[PDB]
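Peer 1: Below is the sequence, then the experimental coordinates.
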Amino acid sequence: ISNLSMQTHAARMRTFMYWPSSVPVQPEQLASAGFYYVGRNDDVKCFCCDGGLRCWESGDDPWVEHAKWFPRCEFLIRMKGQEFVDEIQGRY
Ligand SMILES: CN[C@@H](C)C(=O)N[C@H](C(=O)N1C[C@H]2CCCN2C[C@H]1C(=O)N[C@@H]1CCCc2ccccc21)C1CCCCC1
Ligand SMILES: [Zn+2]
């Protein structure tokens, strides 16, 4: 999938068709946080920073996971703010 083709929410949403129903995080929450489905298991990537996340757990918040593992993402920073990211990185 072309990263440029995934710049808008609606485009990201349509990538989730065969997304496993057993995974306790929903496409809407993933797509909102910049993620699209790469078509394997529960693997997703961010359209902006190309960071990959998998093995979603109950209670996971995709924005928090985005900040935990890919804190330099500019989409993340513009949406949630550097302060949010700093705190998730343990900078208070
Ligand atoms: C519990 N919440 C989940 C979202 C989580 O934290 N997942 C971790 C993760 O996705 N990570 C871990 C971090 C550590 C440093 C960078 N990693 C990014 C990410 C990951 O494992 N990404 C893989 C490897 C790189 C290629 C790729 C491509 C698509 C999707 C995932 C990944 C990890 C996945 C394997 C089981 C343990 C938890
Ligand atoms: Zn990102």
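Peer 2: Looks like it arrived, so ask away. Numbers count the residues shown, from 1 in each chain. Ligands and ions are numbered 1, 2, ... in the order given.
Peer 1: So which bits of this protein are right by ligand 2?
Peer 2: 34, 46, 48, 49, 70, 73 (C-beta under 5 Å from the ion). Where you see a C-beta, it was placed from the backbone N, CA and C, and this is true even at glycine.
Peer 1: tally of neighbours for the closest residue to residue 73 other than its chain neighbours?
Peer 2: Here the nearest residue to residue 73 in space, its sequence neighbours aside, is residue 49; by C-beta to C-beta, 6 or more residues apart in numbering that works out to 3.7 Å. Using other C-beta atoms under 10 Å, residue 49 has 18 neighbouring residues.
Peer 1: How about the one 3 residues further on?
Peer 2: For residue 52, the tally of surrounding residues (other C-beta under 10 Å) stands at 13.
Peer 1: State the distance from it to ligand 1.
Peer 2: Residue 52 is 3 Å from ligand 1, where distance means C-beta to the nearest ligand atom, to the nearest Å.
Peer 1: Surely that residue touches residue 41?
Peer 2: No. Here residue 52 does not reach residue 41: they are 11.3 Å apart, not a contact under C-beta atoms under 8 Å.
Peer 1: and the residues of the chain next to ligand 2, which of them are in strands?
Peer 2: Among those, the members found in strands (DSSP state E) are residue 46.
Peer 1: Would you mind listing what in the chain touches ligand 1?
Peer 2: Residues of the chain lying close to ligand 1 by C-beta under 6 Å from any ligand atom are 38, 43, 45, 52, 53, 54, 55, 56, 57, 60, 65, 69.
Peer 1: and these, which are buried?
Peer 2: 45, 53, 56, 60, 65 (16 or more other C-beta atoms under 10 Å).
Peer 1: check contacts around the first one.
Peer 2: If a contact means C-beta atoms under 8 Å, 6 or more residues apart in numbering, then residue 45 has 3, 35, 36, 38, 51, 52, 53 as its contacts.
Peer 1: partner residues bridging the residue nearest the centre of the chain?
Peer 2: With distances taken as C-alpha atoms, centre = their mean, the residue of the chain nearest its centroid is residue 35 (3.7 Å). Residue 35 has these beta-bridge partners by DSSP bridges: residue 46.
Peer 1: Quick check: the residue nearest to residue 38 when sequence neighbours are not counted vs residue 51, distance?
Peer 2: Leaving out its chain neighbours, the residue that sits closest to residue 38 by C-beta to C-beta, 6+ apart is residue 45, at 5.7 Å. Distance of residue 45 to residue 51, computed by C-beta to C-beta, to the nearest Å: 7 Å.
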